[PDB]
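Trainee: Requesting a structural model of the entry that follows:
(5 chains)
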Amino acid sequence: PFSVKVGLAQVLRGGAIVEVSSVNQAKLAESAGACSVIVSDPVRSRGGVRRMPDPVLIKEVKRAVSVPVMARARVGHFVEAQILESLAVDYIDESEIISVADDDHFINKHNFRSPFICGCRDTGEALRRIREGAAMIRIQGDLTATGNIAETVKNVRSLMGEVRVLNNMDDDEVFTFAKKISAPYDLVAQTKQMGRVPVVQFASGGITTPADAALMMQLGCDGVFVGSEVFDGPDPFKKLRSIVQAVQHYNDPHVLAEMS
Amino acid sequence: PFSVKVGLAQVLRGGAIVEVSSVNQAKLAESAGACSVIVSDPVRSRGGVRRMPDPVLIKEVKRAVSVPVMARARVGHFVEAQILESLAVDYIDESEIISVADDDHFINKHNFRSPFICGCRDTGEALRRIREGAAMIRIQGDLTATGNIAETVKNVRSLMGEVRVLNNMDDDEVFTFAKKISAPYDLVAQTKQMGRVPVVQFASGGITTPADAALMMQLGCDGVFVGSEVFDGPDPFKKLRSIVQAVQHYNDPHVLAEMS
Amino acid sequence: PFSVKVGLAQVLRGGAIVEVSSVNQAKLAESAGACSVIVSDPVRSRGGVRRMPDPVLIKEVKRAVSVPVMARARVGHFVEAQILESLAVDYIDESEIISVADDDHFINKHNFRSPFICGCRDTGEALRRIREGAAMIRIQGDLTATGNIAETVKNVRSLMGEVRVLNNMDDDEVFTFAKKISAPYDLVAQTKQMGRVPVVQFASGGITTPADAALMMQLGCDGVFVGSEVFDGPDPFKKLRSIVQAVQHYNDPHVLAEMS
Amino acid sequence: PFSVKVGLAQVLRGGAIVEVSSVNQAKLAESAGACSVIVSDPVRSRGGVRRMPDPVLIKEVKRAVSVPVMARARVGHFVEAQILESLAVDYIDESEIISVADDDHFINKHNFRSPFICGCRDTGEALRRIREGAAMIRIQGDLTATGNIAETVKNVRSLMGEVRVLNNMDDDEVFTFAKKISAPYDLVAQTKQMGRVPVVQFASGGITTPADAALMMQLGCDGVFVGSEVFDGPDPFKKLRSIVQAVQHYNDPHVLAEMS
Amino acid sequence: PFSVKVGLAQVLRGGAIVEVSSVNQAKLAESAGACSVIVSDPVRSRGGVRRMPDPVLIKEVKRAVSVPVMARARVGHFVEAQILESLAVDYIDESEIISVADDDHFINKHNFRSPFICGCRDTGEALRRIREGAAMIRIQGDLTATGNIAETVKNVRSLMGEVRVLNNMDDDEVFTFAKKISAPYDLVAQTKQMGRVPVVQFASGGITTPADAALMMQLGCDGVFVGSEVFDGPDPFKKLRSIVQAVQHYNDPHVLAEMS
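Mentor: Numbers count the residues shown, from 1 in each chain, chains lettered A, B, ... in the order given. Dropping the coordinates below:
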């Protein structure tokens, strides 16, 4: 059922999901206070094609840390999702930062038992992914390009603005709106009656400093995706702890200035 | 409820809906054997703007004939639909051959008690109209242009072909298909599980001879819309009776040759 | 079967098929010596939409003359073809000079018992029509435009040239050729092994004088389609007799000069 | 005859065809459990023009392993196909990843005694190759470019979708469909009556991990083409065994997770 | 006279013309069994402008080998042709792989006593060169670019196809055909009455393996031009002998497999 999957997915509200690559980085992200760790197999990506992490690394990370352990599957690759569901991962991320498997179609996420996290860039994609069965949505910026926050905040603002426009729209115009954004009408009506999309919204792309995570959490999101670019700094633990405390206390400026 | 409206609408299956313009033409179309008469107020349209017929003409036609009496409302004009529903017309036709009131939006046909007939040109428009609340769909060709049947048969073939493609599509591709035709996914799944759209399909545009009505009924439609271009011939009663008998016996070529 | 239909169709070889419009014109074209008479219902076409002739006119013409009586059906309109087959017409002409019913698809001429005549403009269309089931092919020029012979002779030359190229082509290139002209490969191989398309080829469009019919019969065709533009001259019988004698004696220049 | 060639070709159903380059790699691919080994002569391709492998290498590979030994011939180069048929190779691959010999035409595969494997990218090319005489078809993605699976799964989805559309199409539209995809009509009707193309379908291009082979076998294919990019890894035998076991057990997720 | 020049030129039928660059390579190509050796002066071309070989090298090669010794002259450079005719070379090659002297005009090959070999890319160029006086024609592919055979086989197929089309064309269309290919009409009529162009046709460009030479000789050519890219391999004598035996036995697949 979709209700129980949303219930399992909404325990990550108000936390930071850290991208780890080994048992040591997983233990570090757990000790920092991350809500979950998403696994990437390589230490470095030498400009090649990326794919689902190797299963023994996922088993090691899952045995080491006690926080939920996500995993990445190429978009449209349902066999990788089946393999991940067999490994009993807590959440499966139908990720588009990894090389795309199927450009046209996506994974029919209703056949699986594990909750899914899908990326979006506007309300149309978010509602389409929720219709396909995604139990959690992440607003995506720009990965593999830089550490800038422009595209992420732009997409978050776009999504929140479209949802606020929907929440006050006339009932006669909801159909034309759903046609304009190419979204299923039932989910559009649910977003109109609820005020938010009926899933958990995280942010991704460019979040490096505590200020960026606090900004993402002040725009209305529920959490941040902290990539692996933090573990190559001078002290990864301090950065991770500061980001986590920023997500937890996004309203207090003194705590933010202390973590920064 | 939508179920009872579809039930009231599906009594027109296997009949011809004749466009009448007066009490005499209404009585003629009733004596010919039409399943219903759709009302157009003027005797002639002098290149002006057309709109909903005048209520006393609808009352006269409804008092004269005992067959269902439809009425036309400009697309997007919900006040004309309210006025028609107040007159207790059996069916309301959200017609696009009459001048368009609202180009962007349509009528929220869920607020009304009378069944609605909406025009379409492909499966996307048909499913959108069924989602808005249309209890009956007519595949439209080209009105106010000529008496040709090309556009009507083209649209009927397109709709039936899209429905046949849906009926056999892979379950993973139904989402991308619904996005491609911009239709609500629940109605797309209903059309896939049912084999036809879950309403009554009529044809319109260019049906003049019995051969055209039999062709429209052999492509899979459920009835024809016979315009007012039949009453300006030498003998309208013979043409109407031949069209009705053609719709009733679309499979027998001898009856068709006798009516022609 | 297709063999018996080709057998019934190939009795028109070396004759002129005259377009008649009434019992008197049919008797005139029979007394002139036409091999068959193709029926057109109106005396004049007032710039409207044309369609299959009215059945009582076909019955009258068929009762009057003893030569084969053709009939015209709109391309893609199979119900008109069913009605014509019910009237026991000798040949059915899936004509494109009459307004087109179905622009995309044609008639599945395998379901009918009467031989079909289909129009073409190159070898690709000819082979496609023979594959659909056309028992006779007419190379078409330009109707409803003028009385010029340019397009007709151009199309006849194109078809005969493509067939002559096929007859000598290398066996390895026949597949690429069939792909280039978009024709079924079995019919392409049959045309290569036979030297002509495996049907009877007539010409149509602009044939007015005996010289034009003799030219069409000297390019390799098997007959001509003489339209109704001959009956509006000063003496239709003399023109028809001259055209028939020209088709019969296309090789003798003295007979041609006498008929002209 | 084509029937016996399809019979000899359909013994490869449910297996992986490994691209080997020497006697040692051939023995390795045989010990892994490959259904057949396709031969490529060089150890490396230094950005030059590739062609049919040198005959003594084919003789050595054929003497070493007992599994079927394929061979590659440039598309349009029938003399290389004659040389390969003289060497008594089990299957000849009219390959397009090797430099093209004849851009316009292909090999007339009816003159040869050995079964042929032809590449395709849609149903039109597949049916054209089956008409030319190809006893086996491989859906091709992108070679010599990367190790991505996007183009391969896109082409497989396109072909299976076109075949599913054909299987349910109206009988009157099959002719226009065959014209649209430019395929011989007899093979189109055979695909419509059979539900699949009347040959064995393999996949090629980018298959590296067991998940990719299981995905290709879950989309409806009958086998995979595992290129030579597996023998340059740390342990080629483990990768080959995992791919073979994935093709054999494409439905079991636990076996897939164990092989991965 | 042109007849005696064609007679002297047609002794090369069924042989390979090898491009040599020194006395040793000339002796090697003679011992391999080449029908003639075409002389190129340099050991390497360092991206400069090439021209007629130096006369003492031609004299040395002509004194060493007993097979005919060709020579290259820039297209449009008649003084180089005069110098070559003075050296009593057996054949003069008006070559376009060497830098072009005159882009617009060619050599008036009627003023010379030695037979000429001219390059072509279609039947128009072939007939124009035969009209200018070329006693032998070579169908050219792509030199100085790669070792691919695509352009050569494309041009050979184009020329043979145009000649086969001519051989069966209607007599009234030969004039328009000659205008379309811009060829002298007398030579077009000679090609129509003869079935081939009235000269000896060789192939050039990309012929490296015995399979390529056998393919060129199976398409209808009379010989191959084996460039100097064979003498920079590990064993030039084996390659040359295999190419010669392939040209001699282009119909036997066992001999071809033995030479390959």
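Trainee: Just say helix, strand or coil for residue A:58.
Mentor: Secondary structure, DSSP: H, G, I helix; E, B strand; the rest coil: residue A:58 is helix.
Trainee: how far away is it from chain C?
Mentor: Note on residue A:58: its distance to chain C, by Cβ to the nearest Cβ, to the nearest Å, is 50 Å. To be clear about C-beta, it is placed using only N, CA and C from the backbone, and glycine gets the same treatment.
Trainee: List the residues that contact that residue.
Mentor: Contact partners of residue A:58, counting by Cβ atoms under 8 Å, 6 or more residues apart in numbering or on different chains, are A:39, A:69, A:71, A:84, A:87, A:89.
Trainee: now, among those residues, which is nearest to chain B?
Mentor: Proximity of the contacts of residue A:58 to chain B, judged by Cβ to the nearest Cβ, is greatest for residue A:84, which lies at 17.5 Å.
Trainee: Just the ones of the contacts of residue A:58 in helices?
Mentor: Counting by DSSP state H, the members of the contacts of residue A:58 that fall within helices are residue A:84.
Trainee: is it possible to export the contacts of residue A:58 to JSON lines including distance to chain D and neighbour count?
Mentor: Rendered in JSON lines, the data for the contacts of residue A:58 read as follows (distance: Cβ to the nearest Cβ, whole Å; neighbours: other Cβ atoms under 10 Å in any protein chain shown):
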{"residue": "A:39", "distance to chain D": "14", "neighbour count": "25"}
{"residue": "A:69", "distance to chain D": "15", "neighbour count": "24"}
{"residue": "A:71", "distance to chain D": "11", "neighbour count": "28"}
{"residue": "A:84", "distance to chain D": "8", "neighbour count": "27"}
{"residue": "A:87", "distance to chain D": "6", "neighbour count": "20"}
{"residue": "A:89", "distance to chain D": "11", "neighbour count": "27"}
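Trainee: In strands only, show me the contacts of residue A:58.
Mentor: Among those, the members found in strands (DSSP state E) are A:39, A:69, A:71.
Trainee: could these go into TSV alongside distance to residue D:120?
Mentor: As requested, the ones in strands among the contacts of residue A:58 are arranged in TSV below (distance: Cβ to Cβ, whole Å):
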residue	distance to residue D:120
A:39	38
A:69	41
A:71	34
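Trainee: Out of these, which comes closest to residue B:178?
Mentor: Nearest to residue B:178 among these, counting by Cβ to Cβ, is residue A:71 at 28.5 Å.
Trainee: can you pull the contacts of the closest one?
Mentor: Contacts for residue A:71 were tallied using Cβ under 8 Å, 6+ apart; they are A:38, A:39, A:52, A:53, A:58, A:84, A:87, A:89, A:91, A:92, A:93.
Trainee: What is the nearest of those to chain C?
Mentor: Within the contacts of residue A:71, distances to chain C taken as Cβ to the nearest Cβ reach their minimum at residue A:52, with 41.3 Å.
Trainee: Format the contacts of residue A:58 as CSV; extra columns: distance to residue A:25.
Mentor: Output for the contacts of residue A:58, formatted as CSV (distance: Cβ to Cβ, whole Å):
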residue, distance to residue A:25
A:39, 10
A:69, 12
A:71, 15
A:84, 19
A:87, 19
A:89, 17
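Trainee: To what extent is the residue lying closest to residue A:32 once chain neighbours are set aside buried, counted in neighbours?
Mentor: Once its chain neighbours are removed from consideration, residue A:32 has its nearest residue in residue A:240; the separation is 3.6 Å (Cβ to Cβ, 6 or more residues apart in numbering or on different chains). Each residue near residue A:240 was counted by other Cβ atoms under 10 Å in any protein chain shown, and the total is 24.
Trainee: is it true that residue A:240 lies in a strand?
Mentor: No: if the criterion is three-state DSSP, then residue A:240 is helix and not within a strand.
Trainee: I'd like the distance between it and residue A:35.
Mentor: 12 Å (Cβ to Cβ, to the nearest Å).
Trainee: tell me, what's touching these two both at once?
Mentor: residue A:16.
Trainee: what's the burial count for whichever residue of the stretch 1-150 of chain A sits closest to chain E?
Mentor: Closest approach between the stretch 1-150 of chain A and chain E, counting by Cβ to the nearest Cβ: residue A:47, at 28.4 Å. Residues near residue A:47, counting by other Cβ under 10 Å, number 6.
Trainee: TSV for the contacts of residue A:71, including distance to residue D:2?
Mentor: Formatted as TSV, the entries for the contacts of residue A:71 read as follows, by distance: Cβ to Cβ, whole Å:
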residue	distance to residue D:2
A:38	53
A:39	51
A:52	42
A:53	47
A:58	49
A:84	44
A:87	46
A:89	49
A:91	52
A:92	46
A:93	48
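Trainee: Once you drop chain neighbours, what's closest to the residue in chain A sticking out farthest from the centre?
Mentor: Going by Cα atoms, centre = their mean, the residue of chain A most distant from its centre is residue A:172, 33.3 Å out. The shortest distance from residue A:172 to any residue that is not its chain neighbour, by Cβ to Cβ, 6+ apart, is 4.8 Å, and that residue is residue B:108.
Trainee: residues touching the spatially closest residue to residue A:53 that is not a sequence neighbour, list them.
Mentor: Distances taken as Cβ to Cβ, 6+ apart place residue A:41 nearest to residue A:53, at 3.6 Å, with adjacent residues excluded. Taking Cβ under 8 Å, 6+ apart as the contact definition, residue A:41 lies against A:21, A:53, A:54, A:57.
Trainee: State the pair within those residues that is farthest apart.
Mentor: Longest span within the contacts of residue A:41, Cβ to Cβ: A:21 and A:54, 11.4 Å.
Trainee: CA atoms only for stretch A:123-141, dumped as CSV, please.
Mentor: Taking C-alpha atoms only, stretch A:123-141 is exported to CSV below (Å, rounded to 0.1, in the frame of the first residue of the first chain):
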residue,chain,number,x,y,z
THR,A,123,5.3,20.3,-9.7
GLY,A,124,4.5,18.4,-12.9
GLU,A,125,7.4,16.0,-12.4
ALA,A,126,6.7,15.7,-8.7
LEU,A,127,3.1,14.8,-9.3
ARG,A,128,4.0,12.4,-12.1
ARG,A,129,6.5,10.6,-9.8
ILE,A,130,4.0,10.4,-6.9
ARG,A,131,1.5,8.9,-9.4
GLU,A,132,4.1,6.3,-10.5
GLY,A,133,4.5,5.4,-6.8
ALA,A,134,7.4,7.5,-5.4
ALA,A,135,7.0,7.7,-1.6
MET,A,136,9.4,10.6,-1.4
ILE,A,137,10.4,13.5,-3.7
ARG,A,138,13.6,15.4,-3.9
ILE,A,139,13.8,18.8,-5.6
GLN,A,140,16.9,18.6,-7.8
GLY,A,141,19.3,21.4,-8.8
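Trainee: Mind checking if it is in reach of chain B?
Mentor: Yes: contact check for stretch A:123-141 against chain B, using Cβ under 8 Å from any Cβ of the partner chain: residues in range are A:128, A:131, A:132.
Trainee: Within range of chain D, give me the residues from the stretch 51-200 of chain A.
Mentor: A:51-52, A:54-55, A:76-80, A:82-83, A:85-87, A:99-105.
Trainee: 7 Å instead?
Mentor: Applying the criterion Cβ under 7 Å from any Cβ of the partner chain, the portion of the stretch 51-200 of chain A that neighbours chain D consists of A:51-52, A:55, A:77, A:79-80, A:82-83, A:85-87, A:99-104.
Trainee: If any of these are buried, put those into a ChimeraX selection.
Mentor: To isolate the buried members of those in ChimeraX, using 16 or more other Cβ atoms under 10 Å in any protein chain shown:
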select /A:51,52,55,77,79,80,82,83,85,86,87,99,100,101,102
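Trainee: Please narrow the residues of the stretch 51-200 of chain A next to chain D to those residing in helices.
Mentor: Among these, the members found in helices (DSSP H) are A:55, A:79, A:80, A:82, A:83, A:85, A:86.
Trainee: and the two most separated of those?
Mentor: Put simply, by Cβ to Cβ the two of those set farthest apart are A:55 and A:79, 13.1 Å from each other.
Trainee: mind listing what the one residue in the stretch 51-200 of chain A that gets nearest to chain C touches?
Mentor: The stretch 51-200 of chain A approaches chain C most closely through residue A:104 (25.4 Å), counting by Cβ to the nearest Cβ. Contact criterion Cβ atoms under 7 Å, 6 or more residues apart in numbering or on different chains gives B:176, D:154, D:157 as the residues in contact with residue A:104.
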